[PDB]
Amino acid sequence: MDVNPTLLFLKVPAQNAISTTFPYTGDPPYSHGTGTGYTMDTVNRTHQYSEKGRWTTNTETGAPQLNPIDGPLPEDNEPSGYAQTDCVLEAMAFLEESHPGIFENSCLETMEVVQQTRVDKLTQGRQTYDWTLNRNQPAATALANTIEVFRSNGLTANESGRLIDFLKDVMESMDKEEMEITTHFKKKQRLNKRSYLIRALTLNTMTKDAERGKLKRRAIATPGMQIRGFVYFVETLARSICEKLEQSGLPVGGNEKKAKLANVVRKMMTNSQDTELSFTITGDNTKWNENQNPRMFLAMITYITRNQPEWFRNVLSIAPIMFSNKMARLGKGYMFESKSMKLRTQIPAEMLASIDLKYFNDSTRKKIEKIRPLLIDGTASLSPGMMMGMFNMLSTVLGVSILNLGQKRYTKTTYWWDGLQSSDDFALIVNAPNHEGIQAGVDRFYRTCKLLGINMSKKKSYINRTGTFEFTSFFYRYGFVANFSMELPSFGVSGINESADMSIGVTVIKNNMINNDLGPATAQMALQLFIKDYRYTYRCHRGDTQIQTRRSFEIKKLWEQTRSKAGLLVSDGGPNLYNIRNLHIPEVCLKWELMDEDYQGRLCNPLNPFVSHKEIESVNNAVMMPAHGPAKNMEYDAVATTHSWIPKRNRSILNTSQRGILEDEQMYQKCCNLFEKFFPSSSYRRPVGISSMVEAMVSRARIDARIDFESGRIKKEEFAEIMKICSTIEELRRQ
Amino acid sequence: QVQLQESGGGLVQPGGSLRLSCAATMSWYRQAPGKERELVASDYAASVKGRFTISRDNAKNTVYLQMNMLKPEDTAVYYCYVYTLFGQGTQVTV
Amino acid sequence: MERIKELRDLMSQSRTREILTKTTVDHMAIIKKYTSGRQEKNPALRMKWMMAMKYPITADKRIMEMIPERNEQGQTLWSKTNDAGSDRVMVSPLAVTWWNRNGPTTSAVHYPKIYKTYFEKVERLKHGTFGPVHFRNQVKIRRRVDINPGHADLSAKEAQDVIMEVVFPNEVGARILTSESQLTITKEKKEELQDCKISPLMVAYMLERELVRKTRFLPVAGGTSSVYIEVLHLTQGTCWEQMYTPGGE
Amino acid sequence: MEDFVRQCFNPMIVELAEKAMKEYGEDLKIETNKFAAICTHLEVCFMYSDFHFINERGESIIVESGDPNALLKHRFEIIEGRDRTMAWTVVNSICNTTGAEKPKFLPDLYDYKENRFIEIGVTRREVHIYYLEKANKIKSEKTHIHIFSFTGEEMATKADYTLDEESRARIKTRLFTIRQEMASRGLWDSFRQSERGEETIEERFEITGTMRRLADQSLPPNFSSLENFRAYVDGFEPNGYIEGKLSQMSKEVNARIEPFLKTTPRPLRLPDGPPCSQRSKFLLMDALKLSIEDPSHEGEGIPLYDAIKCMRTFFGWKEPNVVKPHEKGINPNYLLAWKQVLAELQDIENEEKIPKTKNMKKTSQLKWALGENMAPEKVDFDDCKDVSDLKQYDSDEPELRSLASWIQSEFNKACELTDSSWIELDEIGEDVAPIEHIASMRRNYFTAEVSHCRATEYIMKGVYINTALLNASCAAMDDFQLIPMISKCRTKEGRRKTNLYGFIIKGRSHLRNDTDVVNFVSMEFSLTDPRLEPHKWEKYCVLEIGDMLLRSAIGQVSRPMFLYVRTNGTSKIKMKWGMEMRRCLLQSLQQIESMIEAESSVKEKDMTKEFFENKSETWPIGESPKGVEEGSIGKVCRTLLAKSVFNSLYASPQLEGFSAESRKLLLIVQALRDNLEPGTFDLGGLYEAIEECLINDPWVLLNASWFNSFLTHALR
RNA sequence: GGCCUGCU
RNA sequence: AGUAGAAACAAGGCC
């Protein structure tokens with residue numbers, strides 16, 4: 001007899017055992033080298049899906065741009081980006097009519113937010129493409145570098161501390177004859214108008230790793246800092262709009278998505294009488310981002326912001342204006358090998374414009390030949406369409422408009438449709454009195470989608486009777502069925518620290534028990550395995566064992582020293598008291614009454630040199646990138662113990678010409694620590710104002726010395742010493 | 001910052017001459041009984068043109084006023100000024 | 001005394017003097033987050049990879065003057081080589097366990113008073129009474145429920161001023177809290193935590209967690225109470241219901 | 001008017017007033033009288049505060065110039081002259097230290113004698129109105145208020161004047177100096193009334209310059225300016241434009257539904273080529289175990305001593321010789337490496353105490369076997385351009401290979417029971433709730449079912465091997481290291497036992513990226529002759545190292561005993577994911593527990609015990625030539641565990657792609673079997689998407705064969 | 001041969 | 001050789 005697990009589906013329905021079809025117990029695919037090939041392929045594919053448009057050359061950037069809008073209507077089922085302006089404007093108008101007051105309200109709240117938003121909001125972001133160094137750097141670092149360059153060039157309106165003023169300075173920089181940047185190898210280099218325009222309109226391309234569910238790798242993009250404020254405002258407007266649309270599912274979580282899917286299916290099927298047939302289409306959109314033209318987003322926003330202050334319209338329109346002229350950096354480059362001479366070489370992507378094509382294979386040779394005409398200063402113009410879901414929410418708005426355009430008031434026919442859209446994925450429930458009606462409805466829905474630059478993937482889509490469908494790895498079969506294979510990768514040690522890892526693991530087990538219908542015995546097994554892996558990872562074994570490690574000696578002496586050994590934490594080699602009933606309690610508090618007072622005091626000592634807290638945002642928040650989803654943050658319950666240390670940093674900056682960044686880091690951190698000691702609320706509430714550091718610090722020294730004498734340790738001798746030391750630092754700052 | 005010392009006032013006959021000095033724009037003003045303080049000369064009132072001549076030595080910070088063809092109408096307390114700082118005032122009686 | 005003294009020492013050197021002079025208060029946050037350290041994409045892989053090194057964690061410089069450089073057999077506990085972009089020094093994990101067996105001891109009696117939420121959870125569970133398990137299909141319907149069982153009927157911003165006035169009374173600014181509920185909360189949490197020396201930031205964070213109301217969407221069947229939702233994993237399942245009554249009731 | 005503040009006032013005050021001007025964001029060129037008025041207010045604040053000191057008594061000491069001493073206390077300490085944030089900082093600090101009441105508006109000074117605030121304001125109008133005006137602005141105030149006015153008069157409540165009168169003569173002399181100096185200037189046409197409390201501003205975000213031209217190039221094809229396009233949009237109204245283009249659009253743009261029937265789906269085509277080879281990092285079906293029967297636990301013990309003791313338990317060693325060559329390497333190197341390992345093992349046996357971890361010598365043998373100094377040296381392009389052989393890295397579709405029957409048998413025997421327990425679980429909090437007791441009983445049942453399973457043994461082998469390899473790579477980056485493959489089990493009798501499959505030599509492991517490869521050489525004992533399925537051992541070199549005698553009724557077999565030696569490699573990501581193989585247990589048993597719960601939701605009672613003991617119900621878990629064979633729930637547990645283990649062992653992008661694109665077709669087939677009239681828009685596209693994932697991986701090809709068999713058995 | 005780094 | 005698979009590893013750089 002030959003064993004075959006798949007035959008199990010002959011008795012258990014597919015959805016009731018779908019977890020077996022998710023090989024999420026092995027290493028996910030990773031990219032190894034350059035992503036330049038993928039970037040070039042994506043650029044060429046985006047440009048050839050809109051080949052029948054019209055070509056122009058921008059007078060500012062001098063780059064060739066392709067406009068397919070209002071182009072010839074498609075005559076085949078292949079992907080097409082020839083969106084029609086009038087059709088999309090009409091779709092938005094019908095969306096407004098079905099939801100009166102949506103645009104005006106959303107614009108009002110967006111106007112409030114834009115005129116009260118601060119610059120620091122831009123620091124709350126992941127890697128961004130700093131143009132000062134032409135590389136990806138943390139959002140805060142890139143923002144600081146750009147602000148420094150602007151201030152050095154004379155653009156100091158951002159000193160007002162307002163994001164709108166920062167954007168005003170950004171736009172004013174576009175009209176400058178010559179800017180100056182700094183490079184280390207420090208050298209001051211001058212950038213002319215066109216070079217700075219291209220550096221501000223460019224995107225950095227990388228390869229996406231840890232992407233499960235496809236054989237081929239893809240490319241993703243990261244924009245600069247000049248354009249992120251406009252993107253933030255536009256996405257704020259789009260989120261405020263989608264929050265008023267029940268057909269959208271992008272700005273919500275997973276459980277809300279499931280609830281809305283259940284509600285829509287029940288509404289569609291229940292209202293349908295015996296005569297009407299119902300069919301569900303589990304649709305995926307092929308080349309979703311490559312076929313969405315930024316000009317159409319400009320049209321949608323300018324229709325949304327009608328009868329609004331002109332400044333609001335301008336600030337919200339700046340973003341799509343820059344995306345329509347966006348450029349993409351090709352990537353890291355290409356690495357060649359010569360086996361005859363036994364050597365390797367790494368050529369940067371910027372040489373692709375001039376480098377001969379003898380080194381490249383046929384596929385890459387043709388890709389380079391096709392993309393060369395669009396190469397301007399080492400970057401390729403990508404006007405026709407978006408690169409990687411930067412305007413997720415606006416795309417969801419367009420999809421929701423398409424979904425609502427079939428409310429049976431615009432169809433003008435017996436058939437009708439509804440459903441749920443989340444960018445690149447949708448479920449469409451279509452009802453009609455007969456199979457011919459369903460066919461006509463789906464055909465018209467597809468045709469209308471093709472008029473908006475949205476394509477339906479026929480290969481990854483199928484239609485059945487309502488009651489069974491899929492949506493973003495959520496399988497609905499007369500009710501959503503748990504999978505538990507999507508969350509399997511999150512059952513190990515997170516990698517934050519000991520206490521954080523313990524709390525995160527127990528909380529993940531608890532949550533997957535609540536949401537993903539994890540069984541009790543399975544949860545107990547998960548707890549046991551997690552504890553085993555945790556002890557084997559942090560070298561913290563039970564203590565009563567003879568497992569020799571680098572940490573087994575101190576742990577054993579602590580074990581023999583303690584009297585009530587049941588109170589020792591698993592991190593210190595103690596027994597595990599966790600169970601299904603204790604999954605919502607931190608380890609420290611669960612073992613508090615069992616700890617010896619000496620060990621308890623040594624553990625939770627504020628003066629410990631290991632605990633370090635930076636800001637209110639990073640107290641008990643851990644960023645865990647979930648499998649098959651975007652990066653997410655979790656609140657984990659933990660007590661600040663000596664085990665809450667933060668791990669070592671990379672330390673490879675020491676071998677790079679960018680070595681002075683570490684000295685600047687140290688000096689900035691010293692100044693920030695001094696300010697915090699002067700202003701204790703610096704971390705919890707970020708200080709605001711327009712004065713400089715030393716003014717506030719010296720003046721508060723004055724006052725605090727005064728009052729702490731009026732009652733406290735200070736003495737006249739010390740108070741006068743502080744006053745004249747303040748005068749000394751004053752005259753020092755003078756010179 | 002500046003202190004002003006006047007000299008050379010006193011009693012003179014109609015048609016006579018008198019020379020004021022001030023040790024420190034700089035100028036001379038006068039105030040007659042029951043009248044407002046009027047400008048005389050700075051370094063010229065229409066009343067004193069061609070009759071009174073002012074001069075300034077910057078080396079010694081001194082502003083001389085030469086008054087010729089004096090009349091009863093020129094009877095006043097004369098004050099030196101510096102740009113505003115004032116001297117104590119010196120009587121001129123014609 | 002000290003604080004202004006390292007201030008003067010910083011201003012002595014030209015670079016830090018320039019940083020202090022030209023940098024305005026508003027930019028405080030930016031430069032504080034200014035770092036070359038990228039946020040890790042795969043934390044688990046490197047935590048499993050770094051812990052195999054010697055000196056894998058980081059600690060303040062003060063550790064060099066509280067913990068000896070080596071233990072009884074000579075296993076090194078800390079190194080004097082500083083981190084990449086900080087004055088902290090890289091140290092071995094043993095320096096943690098050492099601190100828990102011979103490090104300085106204090107009076108942790110006030111931690112229960114600080115971490116009110118967690119200890120209240122423990123007390124509620126310790127006095128709970130279980131019941132029979134009933135096996136029947138559960139119709140889990142998704143609903144919006146409040147998870148925090150100690151929220152004082154305050155929002156984030158609404159309680160943020162209360163938290164500042166409780167911890168940072170001088171940086172409150174214009175705000176003087178009007179609602180009398182906030183008055184009593186301030187009085188109680190002021191007299192209760194009058195000398196607690198854990199940290200201002202952690203105290204503020206835990207006060208925010210305790211007082212601020214927070215809500216999330218979850219699949220529930222029955223219950224719906226704040227105390228009954230924290231144990232939702234233990235009382236409700238796919239085909240079984242476990243009757244439970246927390247210690248509070 | 002600004003010429004006055006150019007002339008008279010000192011710098012300090014003028015820049016203080018200029019920063020106060022910047023504070024609230026209004027411009028100085030439009031209205032300057034406010035600047036002069038508030039700078040005079042600030043000046044009176046200074047001149048009133050300074051020159052006034054106190055000593056330990058009350059009765060302020062007044063000195064025209066502060067002498068060098070600790071006695072420099074200031075009688076009145078200023079509030080204004082600071083930012084709003086700091087003004088409120090001082091207010092709150094004074095309130096919290098003085099125990100006084102917090103005012104709602106900005107004071108100007110604080111004093112000790114009377115322990116309270118002073119709000120100085122000198123207005124153009126007479127005092128006896130401005131005083132009570134600001135008084136009714138401030139609610140129930142105990143802070144004393146004192147104001148002057150240009151005429152020279154002073155006033156205050158309580159008839160209180162807080163310090164010397166010569167200072168106030170100073171104030172009013174300053175005041176009339178101001179007055180009869182504007183007399184020379186002439187400003188009272190507006191000085192009395194120049195500020196009326198104007199607060200208004202319009203936000204301006206103007207597109208101009210280059211950024212405007214970009215806006216003119218981001219419009220539809222037939223538009224010339226953003227102004228015109230916005231006007232058109234504002235004037236646009238729906239007039240049935242979607243219908244017109246829908247009618248005009250070609251009818252070939254359709255989404256016709258192709259019915260999906262029993263005869264529609266065709267079997268997935270498998271690639272053809274040379275048979276598929278073995279890819280695992282260790283032997284799974286052909287492993288052999290040398291044991292000692294020690295009482296130590298899994299992690300307890302020292303590796304090298306245990307390995308040597310286990311190997312000494314076997315007698316019959318022969319001089320090794322080549323049996324099956326690598327066919328691409330230098331087998332004599334493998335032979336010499338094996339003999340070197342034996343020699344150095346003896347060398348450890350001789351000395352005093354077995355080292356916890358041993359380093360081996362870097363001979364040419366393992367230099368070749370571990371691929372040392374073979375990475376091409378990195379150079380610059382400008383120095384290597386004329387080399388004809390210089391080209392890209394080989395980037396093409398992997399070699400095509402057809403499925404072989406060995407993977408099927410390997411999976412078959414990976415789901416079979418064993419004579420040992422390969423899982424020793426940790427401790428948990430004592431169960432207190434009845435649901436916890438049910439969970440514990442279920443868990444005990446599953447552990448009894450799966451512990452005696454080859455899948456669990458493979459899990460432990462992989463976890464231990466990858467953990468040791470990762471730790472050695474991170475610790476001994478430079479020097480080659482010896483690691484014996486160890487796994488500890490427990491017999492039926494209950495006696496604990498150790499097992500030594502072989503050895504692993506780890507090489508240079510300077511791993512920077514998650515994809516960087518660490519090469520090692522693995523040696524494993526076995527009895528399976530490699531002359532029967534050679535195509536499965538394409539990358540192995542197999543020697544003959546001894547003879548084994550296992551008790552059998554046919555005299556005694558005296559079988560040969562071979563050594564499978566190969567060069568393999570891994571990476572940080574692969575090591576990390578292989579050291580988390582225990583979650584296969586989770587996956588499998590979660591699936592089984594979901595089955596049990598779903599069935600128990602029907603009958604209102606827990607159904608675990610009868611499922612595991614009666615074994616009445618069975619699921620299709622394989623096909624025999626007679627037909628489909630069904631097994632008890634325990635066999636399903638073992639089968640799913642083996643499937644998860646093989647997923648973790650043979651993981652690859654092919655597996656992910658095939659899994660997704662075959663789950664799609666499985667859902668379609670399930671819809672067909674449920675009588676839900678399934679339909680497809682392009683089924684050929686889906687088939688081509690599935691078939692492109694099957695290239696050379698044995699596991700994915702076996703999964704595809706299983707899928708074809710399931711289709712054949714289904715659709716009936 | 002000596003020393004530096006391992007997400008920069 | 002080996003790992004791996006649309007491009008890489010099989011140490012890097014600095015003296």
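Protein chains in written order, with the authors' numbering: chain B, 1 to 185, 207 to 756; chain F, 1 to 24, 33 to 51, 63 to 102, 113 to 123; chain C, 1 to 249; chain A, 1 to 716.
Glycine included, each C-beta is placed from N, C-alpha and C at the ideal position.
The Cβ atoms of residue 415/A and residue 635/A lie closer than 9 Å to each other. One Cα belongs to residue 574/A, the other to residue 418/B, and the distance between them is close to 41 Å. For the region 623-636 of chain B, residues whose beta-carbon sits nearer than 9 Å to a beta-carbon of chain C comprise 623, 624, 625, 626, 627, 628, 629, 630, 631, 632, 633, 634, 635 and 636.
Residues of the region 174-204 of chain C that bring their beta carbon within less than 9 Å of a beta carbon in chain A comprise 174 and 176, in sequence order. Following the DSSP letters along the chain, one finds residue 271/A in no alpha helix (DSSP H), marked with neither H nor E. Considering only 286/A, 379/A and 305/A, the residue with the shortest C-alpha distance to residue 351/A is 305/A. Cβ proximity to chain B below 9 Å picks out 297, 298, 299, 300, 301 and 302 from the region 297-310 of chain A.
Per DSSP, the continuous beta strand (DSSP E) segment holding residue 546/A begins and ends at 540-548. For the pair residue 567/A and residue 539/A, the CB atoms are nearer than the 9 Å cut-off. In the three-state DSSP reduction, residue 9/A falls in the coil class, being neither helix nor strand. Interface flag for residue 653/A against chain C is unset, since no Cβ pair is found closer than 9 Å. Residue 174/C places its beta carbon 9 Å or farther from that of residue 208/C. In this structure, residue 451/B lies near residue 427/B, with their beta-carbon atoms less than 9 Å apart. By the criterion of a C-beta distance shorter than 8 Å, residue 736/B is surrounded in its chain by 730, once the five residues flanking it on both sides are discounted. Interface flag for residue 434/A against chain C is set, since a Cβ pair is found closer than 9 Å. Remark: C-beta atoms of residue 476/A and residue 522/A do not approach each other more closely than 9 Å. Listed along chain A are 515, each with a C-beta nearer than 7 Å to that of residue 32/B. Looking at the DSSP output, residue 561/A shares a beta bridge with 546/A. Contact check between the region 123-140 of chain C and the region 624-632 of chain B: fewer than three CB pairs, one atom from each, fall below 8 Å, which does not count as touching.
Around the C-beta of residue 65/F, fewer than 16 other C-beta atoms lie within 10 Å, and the residue is accordingly described as exposed. Just measuring C-alpha positions, the residue of 22/F, 15/F, 113/F and 12/F sitting nearest residue 5/F is 22/F.
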